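Trainee: To start, I am sharing the structure in question, which I have written as structure tokens.
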Amino acid sequence: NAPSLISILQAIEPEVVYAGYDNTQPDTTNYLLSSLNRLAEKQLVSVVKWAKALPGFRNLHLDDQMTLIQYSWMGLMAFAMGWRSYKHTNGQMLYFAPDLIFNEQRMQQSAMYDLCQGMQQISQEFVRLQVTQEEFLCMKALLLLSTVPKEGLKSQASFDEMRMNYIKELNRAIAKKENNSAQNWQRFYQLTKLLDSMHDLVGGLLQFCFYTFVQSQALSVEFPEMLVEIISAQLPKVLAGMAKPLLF
Ligand SMILES: C[C@]12CC[C@H]3[C@@H](CCC4=CC(=O)CC[C@@]43C)[C@@H]1CC[C@@H]2C(=O)CO
């Protein structure tokens with residue numbers, strides 16, 4: 001038989017981005033958030049590259065490709081970050097990158113404190129659930145495929161199939177470990193529930209994101225160029241209520 005989606009997914013998994021951050025410079029809500037954004041630009045590149053590698057994704061109309069990316073990019077980055085914070089700090093600290101890890105001081109200095117907390121609860125779940133790589137890779141894959149424009153998609157049928165497949169491979173991945181039916185079931189539930197709770201958080205995140213974006217010169221937070229492009233193109237569709245979370 002052919003190499004599984006997970007085999008491919010483990011292969012196309014992006015390397016960890018460094019922020020470029022200076023940790024000697026003091027913790028100032030403007031410096032922090034500017035720095036975060038630089039990173040989001042660094043990640044956005046790795047994410048899109050990632051999505052192009054992602055089996056079936058190239059087979060969607062370019063309209064859909066860019067839209068999905070436009071909607072899911074925030075959740076993708078927050079989730080991967082939930083994952084990293086789990087592996088590297090076991091949920092205690094927010095591990096944006098090896099050179100830019102938030103602790104308590106910096107979550108406070110962030111002026112997003114309640115959102116940090118939320119992202120943390122996400123990593124803490126990763127921890128509670130002892131999520132595995134393979135569950136993670138498939139979850140993240142589904143996370144992309146979990147916020148679609150309400151007016152439908154060019155490639156609709158092909159997408160629904162992809163979604164199907166990534167649920168199927170999330171199933172292959174929970175099934176490893178044995179347990180049989182019932183345990184599996186609760187698992188599937190918990191994971192997908194974790195996925196579904198993602199939208200919630202992304203909500204607050206986009207919200208504060210836009211907020212910070214509009215008021216950028218007001219707040220002295222430096223959004224880089226690719227970041228300008230993407231947030232901008234996302235913003236009006238999002239407000240319009242074009243984007244609709246797919247749930248379980
Ligand atoms: C976009 C954002 C800065 C960048 C991060 C995001 C939260 C999660 C996140 C994960 C990453 O590992 C990279 C950057 C990023 C996407 C923040 C949510 C609010 C904050 C701002 O709105 C300030 O720009």
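Residues in the structure tokens are named by chain (A, B, ... in the order shown) and by number from 1 within that chain; ligands are numbered from 1 in the order shown.
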Output the neighbourhood of ligand 1 as a PyMOL selection string, that is, all protein and nucleic acid residues with some atom at most 8 Å from the ligand, counting only C-alpha atoms and all ligand atoms.

Mentor: chain A and resi 33-41+43+73-75+77-81+95-97+112+115-116+119+205-213+221-223

Trainee: Mind checking which residues fall within 9 Å of residue 158 (chain A), counting only C-alpha atoms, ignoring those fewer than 6 positions away in the same chain, and posting them as a CSV table (one decimal) with N, CA, C and O atoms, in the first residue's frame?

Mentor:
```csv
chain,number,residue,atom,x,y,z
A,56,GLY,N,-3.7,16.7,-1.4
A,56,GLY,CA,-5.1,17.1,-1.8
A,56,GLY,C,-5.3,18.6,-1.9
A,56,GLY,O,-6.1,19.0,-2.7
A,59,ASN,N,-5.1,20.4,-5.1
A,59,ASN,CA,-6.2,20.0,-5.9
A,59,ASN,C,-7.5,20.8,-5.7
A,59,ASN,O,-8.5,20.6,-6.5
A,60,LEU,N,-7.5,21.7,-4.7
A,60,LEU,CA,-8.6,22.6,-4.5
A,60,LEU,C,-8.3,23.9,-5.4
A,60,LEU,O,-7.2,24.2,-5.7
```

Trainee: Have a look at CA of residue 101 (chain A) and CA of residue 44 (chain A) and let me know their distance in Å, one decimal.

Mentor: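 Atom-to-atom, CA of residue 101 (chain A) and CA of residue 44 (chain A) are spaced 18.7 Å apart.
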
Trainee: To one decimal in Å, tell me the separation between CA of residue 195 (chain A) and CA of residue 19 (chain A).

Mentor: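 CA of residue 19 (chain A) lies 26.1 Å from CA of residue 195 (chain A).
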
Trainee: Show me, as JSON lines, the residues of region 77-160 of chain A having an atom within 12 Å of region 3-17 of chain A, each with the closest atom pair and its distance in Å, using only C-alpha atoms.

Mentor:
```
{"residue": "A:77", "atom": "CA", "partner": "A:17", "partner_atom": "CA", "distance": 11.3}
{"residue": "A:80", "atom": "CA", "partner": "A:16", "partner_atom": "CA", "distance": 9.9}
{"residue": "A:81", "atom": "CA", "partner": "A:16", "partner_atom": "CA", "distance": 10.1}
{"residue": "A:83", "atom": "CA", "partner": "A:16", "partner_atom": "CA", "distance": 11.7}
{"residue": "A:84", "atom": "CA", "partner": "A:16", "partner_atom": "CA", "distance": 9.1}
{"residue": "A:88", "atom": "CA", "partner": "A:16", "partner_atom": "CA", "distance": 11.8}
{"residue": "A:95", "atom": "CA", "partner": "A:16", "partner_atom": "CA", "distance": 10.6}
{"residue": "A:96", "atom": "CA", "partner": "A:17", "partner_atom": "CA", "distance": 8.8}
{"residue": "A:97", "atom": "CA", "partner": "A:17", "partner_atom": "CA", "distance": 6.3}
{"residue": "A:98", "atom": "CA", "partner": "A:17", "partner_atom": "CA", "distance": 8.1}
{"residue": "A:99", "atom": "CA", "partner": "A:17", "partner_atom": "CA", "distance": 9.3}
{"residue": "A:100", "atom": "CA", "partner": "A:17", "partner_atom": "CA", "distance": 10.2}
{"residue": "A:132", "atom": "CA", "partner": "A:6", "partner_atom": "CA", "distance": 11.9}
{"residue": "A:133", "atom": "CA", "partner": "A:10", "partner_atom": "CA", "distance": 8.3}
{"residue": "A:134", "atom": "CA", "partner": "A:6", "partner_atom": "CA", "distance": 6.5}
{"residue": "A:135", "atom": "CA", "partner": "A:6", "partner_atom": "CA", "distance": 9.0}
{"residue": "A:136", "atom": "CA", "partner": "A:9", "partner_atom": "CA", "distance": 10.0}
{"residue": "A:137", "atom": "CA", "partner": "A:9", "partner_atom": "CA", "distance": 6.3}
{"residue": "A:138", "atom": "CA", "partner": "A:6", "partner_atom": "CA", "distance": 7.2}
{"residue": "A:139", "atom": "CA", "partner": "A:9", "partner_atom": "CA", "distance": 10.9}
{"residue": "A:140", "atom": "CA", "partner": "A:9", "partner_atom": "CA", "distance": 9.9}
{"residue": "A:141", "atom": "CA", "partner": "A:9", "partner_atom": "CA", "distance": 8.5}
{"residue": "A:142", "atom": "CA", "partner": "A:9", "partner_atom": "CA", "distance": 11.9}
```

Trainee: I'd like the neighbourhood of residue 198 (chain A) as a CSV table (one decimal) with C-alpha atoms, in the first residue's frame, where a residue qualifies if any of its atoms comes within 10 Å (using only C-alpha atoms), though same-chain residues fewer than 2 positions away should be ignored.

Mentor:
```csv
chain,number,residue,atom,x,y,z
A,74,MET,CA,-4.5,32.2,13.0
A,75,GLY,CA,-5.8,28.8,14.4
A,76,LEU,CA,-2.9,27.0,12.8
A,78,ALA,CA,-2.0,29.2,17.9
A,79,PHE,CA,-2.5,25.4,17.7
A,118,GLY,CA,-6.7,30.9,26.8
A,119,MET,CA,-3.8,29.6,24.6
A,122,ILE,CA,-5.1,24.9,25.1
A,143,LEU,CA,-7.9,22.7,11.6
A,146,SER,CA,-12.4,23.7,9.6
A,192,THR,CA,-12.3,17.0,18.1
A,193,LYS,CA,-13.7,18.8,21.1
A,194,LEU,CA,-10.2,20.3,21.5
A,195,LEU,CA,-10.3,21.2,17.8
A,196,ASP,CA,-13.8,22.8,18.1
A,200,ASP,CA,-13.6,30.1,20.3
A,201,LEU,CA,-10.0,31.2,21.0
A,202,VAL,CA,-9.2,32.2,17.5
A,203,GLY,CA,-12.3,34.5,17.8
A,245,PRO,CA,-16.4,27.2,11.5
```

Trainee: So that I can check the surroundings of residue 189 (chain A), please list as a ChimeraX atom specification every protein, DNA and RNA residue that reaches within 12 Å of it, counting only C-alpha atoms and ignoring chain neighbours fewer than 3 positions away.

Mentor: /A:129,167,170-171,174,182-186,192-197,247-248

Trainee: Which of region 2-220 of chain A counts as strand (DSSP E) under DSSP, as a ChimeraX atom specification please?

Mentor: /A:94-97,100-102,147-149

Trainee: Which residue is closest to residue 165 (chain A)? Choose from A:240, A:145, A:66, A:246 and count only C-alpha atoms.

Mentor: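 Nearest candidate to residue 165 (chain A) out of A:240, A:145, A:66, A:246: A:145.
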
Trainee: Set the distance at 7 Å and use only C-alpha atoms: which residues neighbour region 106-110 of chain A once local chain neighbours fewer than 2 positions away are removed? I'd like the list as a PyMOL selection string.

Mentor: chain A and resi 27-29+32-33+102-104+112-113+116

Trainee: May I have the residues from that selection written out with N, CA, C and O atoms, as a PDB file, in the first residue's frame?

Mentor:
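That gives us selection21.pdb:
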```pdb
ATOM      1  N   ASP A  27      10.748  44.052  28.626  1.00  0.00           N
ATOM      2  CA  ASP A  27       9.475  43.489  28.152  1.00  0.00           C
ATOM      3  C   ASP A  27       8.401  44.554  28.004  1.00  0.00           C
ATOM      4  O   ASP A  27       7.636  44.810  28.940  1.00  0.00           O
ATOM      5  N   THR A  28       8.309  45.140  26.821  1.00  0.00           N
ATOM      6  CA  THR A  28       7.377  46.234  26.628  1.00  0.00           C
ATOM      7  C   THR A  28       6.329  45.902  25.586  1.00  0.00           C
ATOM      8  O   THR A  28       6.608  45.727  24.396  1.00  0.00           O
ATOM      9  N   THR A  29       5.106  45.812  26.071  1.00  0.00           N
ATOM     10  CA  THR A  29       3.955  45.445  25.265  1.00  0.00           C
ATOM     11  C   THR A  29       4.023  45.778  23.760  1.00  0.00           C
ATOM     12  O   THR A  29       3.504  45.023  22.934  1.00  0.00           O
ATOM     13  N   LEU A  32       7.158  43.417  22.516  1.00  0.00           N
ATOM     14  CA  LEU A  32       6.599  42.067  22.445  1.00  0.00           C
ATOM     15  C   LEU A  32       5.726  41.856  21.218  1.00  0.00           C
ATOM     16  O   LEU A  32       6.035  41.007  20.378  1.00  0.00           O
ATOM     17  N   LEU A  33       4.650  42.631  21.107  1.00  0.00           N
ATOM     18  CA  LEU A  33       3.676  42.429  20.028  1.00  0.00           C
ATOM     19  C   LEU A  33       4.248  42.669  18.628  1.00  0.00           C
ATOM     20  O   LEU A  33       3.829  42.031  17.655  1.00  0.00           O
ATOM     21  N   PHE A 102       7.089  33.210  26.326  1.00  0.00           N
ATOM     22  CA  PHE A 102       6.383  33.973  27.353  1.00  0.00           C
ATOM     23  C   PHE A 102       6.281  33.220  28.674  1.00  0.00           C
ATOM     24  O   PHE A 102       5.885  32.072  28.712  1.00  0.00           O
ATOM     25  N   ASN A 103       6.623  33.888  29.759  1.00  0.00           N
ATOM     26  CA  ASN A 103       6.262  33.436  31.091  1.00  0.00           C
ATOM     27  C   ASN A 103       5.149  34.340  31.656  1.00  0.00           C
ATOM     28  O   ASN A 103       4.379  34.951  30.903  1.00  0.00           O
ATOM     29  N   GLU A 104       5.082  34.447  32.980  1.00  0.00           N
ATOM     30  CA  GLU A 104       4.004  35.202  33.612  1.00  0.00           C
ATOM     31  C   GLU A 104       4.158  36.696  33.400  1.00  0.00           C
ATOM     32  O   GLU A 104       3.181  37.387  33.117  1.00  0.00           O
ATOM     33  N   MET A 112      -2.463  41.166  26.211  1.00  0.00           N
ATOM     34  CA  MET A 112      -3.425  40.172  25.731  1.00  0.00           C
ATOM     35  C   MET A 112      -3.702  39.149  26.810  1.00  0.00           C
ATOM     36  O   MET A 112      -4.385  38.162  26.561  1.00  0.00           O
ATOM     37  N   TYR A 113      -3.162  39.389  28.001  1.00  0.00           N
ATOM     38  CA  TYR A 113      -3.195  38.444  29.127  1.00  0.00           C
ATOM     39  C   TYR A 113      -4.294  37.370  29.180  1.00  0.00           C
ATOM     40  O   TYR A 113      -4.001  36.208  29.445  1.00  0.00           O
ATOM     41  N   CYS A 116      -3.504  34.950  26.253  1.00  0.00           N
ATOM     42  CA  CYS A 116      -2.403  34.102  26.625  1.00  0.00           C
ATOM     43  C   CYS A 116      -2.971  32.948  27.426  1.00  0.00           C
ATOM     44  O   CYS A 116      -2.846  31.776  27.041  1.00  0.00           O
TER      45      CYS A 116
END
```

Trainee: So how many Å separate CA of residue 52 (chain A) and CA of residue 228 (chain A), to one decimal?

Mentor: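 Between CA of residue 52 (chain A) and CA of residue 228 (chain A) the gap works out to 21.4 Å.
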
Trainee: Let me make sure I understand: among A:57, A:50, A:71, A:18, which one has the smallest atom-to-atom distance to residue 234 (chain A) if we use only C-alpha atoms?

Mentor: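 Closest to residue 234 (chain A), using only C-alpha atoms: A:71.
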
Trainee: When DSSP works through the backbone of this structure, what residues of region 7-93 of chain A end up as alpha helix (DSSP H), shown as a ChimeraX atom specification?

Mentor: /A:7-11,29-53,62-89

Trainee: Residue 91 (chain A): which residues within 7 Å, counting only C-alpha atoms, same-chain residues fewer than 2 positions away excluded, as a PyMOL selection string?

Mentor: chain A and resi 85-86+89+93+120+123-124+127
